[PDB]
Amino acid sequence: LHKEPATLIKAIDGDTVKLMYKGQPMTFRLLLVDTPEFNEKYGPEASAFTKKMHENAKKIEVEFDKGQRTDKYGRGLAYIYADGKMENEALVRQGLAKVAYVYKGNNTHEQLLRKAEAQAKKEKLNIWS
Ligand SMILES: Cc1cn([C@H]2C[C@H](OP(=O)(O)O)[C@@H](COP(=O)(O)O)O2)c(=O)[nH]c1=O
Ligand SMILES: [Ca+2]
């Protein structure tokens, strides 16, 4: 895989963000995770967590996997990096997302994220408390 530039347009929620990619506004859905909806328990915290990652970043990057790059809603499907830290993985590691939506062919970082989840669960963080 490889990283590509993007710039923040606006935070949305724990697992979606609006970025400018190749000069075009797009909504991105973070691969391999599920955050709670804003109206659900840990939703606000997940949204805040992701929001802070984007807004503090000097450099946002997107990384597509090997498969589908957009979903049926036209959302980009990527791993998102904030100053080199993967937001997807950070969310799971902190117990603010579950590993989810693991589809054949876009699953390059699956094991990395599962390892983070196992650690969040051990620590009983947030969703695992
Ligand atoms: C994360 C992800 C979601 N989706 C679709 C499946 C789900 O369809 P349904 O909307 O039919 O449930 C939806 C879940 O996203 P949200 O968790 O953002 O709602 O997005 C993909 O198709 N590919 C993916 O990689
Ligand atoms: Ca969600």
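Along the chain as shown, residues are numbered 1 onward.
Quick reminder: no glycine exception, Cβ is built from N, Cα and C everywhere.
Positions annotated as active site by Swiss-Prot, on the basis of experimental evidence: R29 (among others). Under a cutoff of 8 A between CB atoms, and with a sequence separation of 6+ in the same chain, the neighbours of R29 (active site) are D15, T16, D71, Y73, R75, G76, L77. DSSP gives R29 (active site) a strand state.
When secondary structure is read from DSSP and collapsed to three states, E37 (active site) falls in the coil class. A C-beta separation below 8 Å, combined with a sequence spacing of at least six in one chain, links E37 (active site) to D13, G43. Taken from Swiss-Prot, the feature active site applies to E37 (among others).
There are 16 other CB atoms within 10 A of the CB of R75 (active site), with all protein chains counted. Annotation source Swiss-Prot lists active site at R75 (among others).
Taking a C-beta cut-off of under 8 angstroms and a sequence separation of 6 or more, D34 (Ca(2+) binding site) has the following same-chain neighbours: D15, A97, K98, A100, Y101. Here Swiss-Prot flags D15, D34, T35 as Ca(2+) binding site.
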Quick one: of the recorded positions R29, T35, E37, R75, flag those whose CB is under 6 Å from ligand 1, and say none if nothing qualifies.
-> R29
Enter the number of other CB atoms within 10 angstroms of the CB of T35 (Ca(2+) binding site).
-> 25
Which recorded positions from the set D15, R29, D34, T35, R75 come near ligand 2, judged by a Cβ under 6 Å from any of its atoms?
-> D15, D34, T35
According to DSSP, which of helix, strand or coil covers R75 (active site)?
-> coil
